[PDB]
């Protein structure tokens, strides 16, 4: 069969095969709250990674892995708007939250440069785009393919629905270097899609960690970043 394949229909408190970084944790109702949700709403940053590294490419054979992932998340804001967003990403094996990272960078970047050493590929679901604080963002809530920088190489308008469950399917096909993001809201049939070319071998190291990250830059514009389930499979 395939190299790796795991599925979580729900999460359990202190799940031992998920590494929790920052304020990420799983509530008693079985949902992964990557971003903290509490009594007085507070600023927050969190990441959750699957406990075992994944070989995304082989230097011996030259082979690159194809992978697919599916997850459902909810972003519920108190007012009609919230910050900062959520992201699915691939980073160097067992990487830590960069020193001096902000919610607007989802705990993935130290700065707004496009440093080659970052070695990060992420699909962001950006809810905040204020030019004052996030000058790199377009003028709307978006879905962006990030490659070594918080300034997405390609974005698309995200028709975010407050409090509604969104189903996402991301697929990467090694032979064509095609990364496709497929988002839909079963509630009303709203759908958004985006595809970009990315050479994993050129950006990432052989061994990577996969997971979710998110942040809340301003407690006044609070919103949740809850992932309900997660399926992942890769194959060299």
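Numbering follows the first chain given and starts at 1.
Asker: Which has the higher mean CA temperature factor in the PDB entry, 30-38 or 170-178?
Answerer: Stretch with the higher mean C-alpha B-factor: 30-38.
Asker: Please compare 90-98 with 113-121 and say which has the higher mean C-alpha temperature factor in the record.
Answerer: Mean B over CA atoms: larger for 113-121.
Asker: Can you pull the Cα B-factors for 146, 164, 78, 159 from the entry and say which is highest?
Answerer: When the deposited C-alpha B-factors of 146, 164, 78, 159 are compared, 78 is largest.
Asker: For the listed 219, 24, 227, 19, which has the peak Cα B-factor recorded in the PDB entry?
Answerer: The record points to 219.
Asker: Within this chain's modelled residues, let me know which third the CA B factor of residue 152 belongs to: lowest, middle or highest.
Answerer: CA B-factor rank for residue 152: middle third.
Asker: Could you place residue 72 in the lowest, middle or highest third of its chain by Cα temperature factor, using the values in the record?
Answerer: As the PDB entry reports it, the C-alpha B-factor of residue 72 lands in the lowest third of its chain.
Asker: Can you work out whether the C-alpha temperature factor of residue 7 puts it in the lowest, middle or highest third of the chain?
Answerer: For residue 7, the deposited C-alpha B-factor lands in the middle third.
Asker: Lowest, middle or highest third: where is residue 203 by Cα B-factor in its chain?
Answerer: Tercile = middle for this residue's CA B-factor.
Asker: Based on the entry's values, in what third of the chain does the Cα temperature factor of residue 62 lie: lowest, middle or highest?
Answerer: Highest third.
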